[PDB]
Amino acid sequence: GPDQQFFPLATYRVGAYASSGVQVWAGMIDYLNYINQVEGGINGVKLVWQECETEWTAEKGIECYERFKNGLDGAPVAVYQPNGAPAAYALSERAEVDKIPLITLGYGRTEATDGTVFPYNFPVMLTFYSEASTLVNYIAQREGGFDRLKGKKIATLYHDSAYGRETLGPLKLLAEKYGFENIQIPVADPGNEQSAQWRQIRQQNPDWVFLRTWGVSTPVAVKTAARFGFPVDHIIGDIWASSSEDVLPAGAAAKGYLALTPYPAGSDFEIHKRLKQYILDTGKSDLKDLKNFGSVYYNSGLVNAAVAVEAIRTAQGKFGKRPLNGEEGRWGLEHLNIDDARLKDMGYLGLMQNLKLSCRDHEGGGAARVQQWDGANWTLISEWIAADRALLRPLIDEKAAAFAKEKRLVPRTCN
């Protein structure tokens, strides 16, 4: 058991979000199962995992972290994924003290992109800052070039929360550069009522709506848009508004709806067929219902698990075929270099983007794909759209420095 590498799993199987959550965990588990049985673990090192119920709350999330941070029956922790924004936010400072890398895929502190200020916090693959850039870059691709953005209107309809306000900075910057009208429209919690917002949108008739709602406000946004006659295929959802469950309640009013994703739905990727061949057909897999096997939730589990696995694998290249430290796990993360060649090997070519992290860059990705909803299924309608991360970097540097000043931290020198 100490000979194995511990993979802590902070999961929720109770409450309103259990239905979606179980699809995510099943993705992580099946991929972990696959690595053990088909590749004999990671370079010979077997993987052991255990679940702790977090009930989607920060209070229990924190208790799970404290239960796991020391390992399981000897097996140490290399990386930790709280799977929860409130838990992740609360854990950041004590994770640094314990030298345990926090991974938040597509969420978390955007300023933690700067690993000189956030040594053990990794908002991997896509931050909301980068998402803004990719959103704009896709618009530009659709309008015929960045020149065409001048004279365009882009409205952002956002849940009034830290999550919704995150894109205020980058969208303002991008609007100054490319000259599109930057319309920012808040939606108060819970967001059951949106008539004023969509009345405004019909009046202003923007060319695109960047939909950054969450939970209940997302199907309502779509339903209301159709009511006010705004064309739904001019609406592009946040990655956290890109699920079937986000749009199914809206019924046929959601036909044509666009959404961004770092892990597109689909059960026809290379890795997915290996899963069917090995754990699905053999009835080994955690998923109760096979009907969600390419669901976006399931695929986030696959990508979430693969990132950690590659990080571990990367670090073994300097620490040998053995269970790893969080301090070593941090080294692996910061040296992640996922190629297209590498993606082809593990079969994540269409599913996961390239990753190149550094001490300076704990994001390492910044791309997304666009998929379209027809009322029943998603359809990929774009390649990977890369963000202009160089353009946004001063905002990140500024934000991380303010934090380092406030918390009185000495930034790591990676020069």
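Don't overthink the numbering: it's just position in the shown sequence, from 1.
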task: On mean C-alpha B-factor from the PDB entry, just flag whether 359-367 or 343-351 is the higher one.
output: 343-351
Higher-scoring stretch by recorded Cα B factor average, 136-144 or 298-306: 298-306
task: Specify which of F230, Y178, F210, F319 carries the largest Cα B factor in the deposited PDB entry.
output: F319
message: Sorting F293, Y89, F122, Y163 by Cα temperature factor from the record, which one lands on top?
response: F293
task: Please rank the C-alpha B-factors of the chain's modelled residues and tell me whether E193 sits in the lowest, middle or highest third.
output: middle
- request: Just say lowest, middle or highest third for the CA B-factor of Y278 relative to the other modelled residues in its chain.
  value: highest
statement: Here the Cα B-factor of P101, set against its chain, lands in the third termed lowest
query: Ranked by Cα temperature factor within the chain, is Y80 in the lowest third, the middle third or the highest third?
result: middle
task: Please rank the C-alpha B-factors of the chain's modelled residues and tell me whether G74 sits in the lowest, middle or highest third.
output: highest
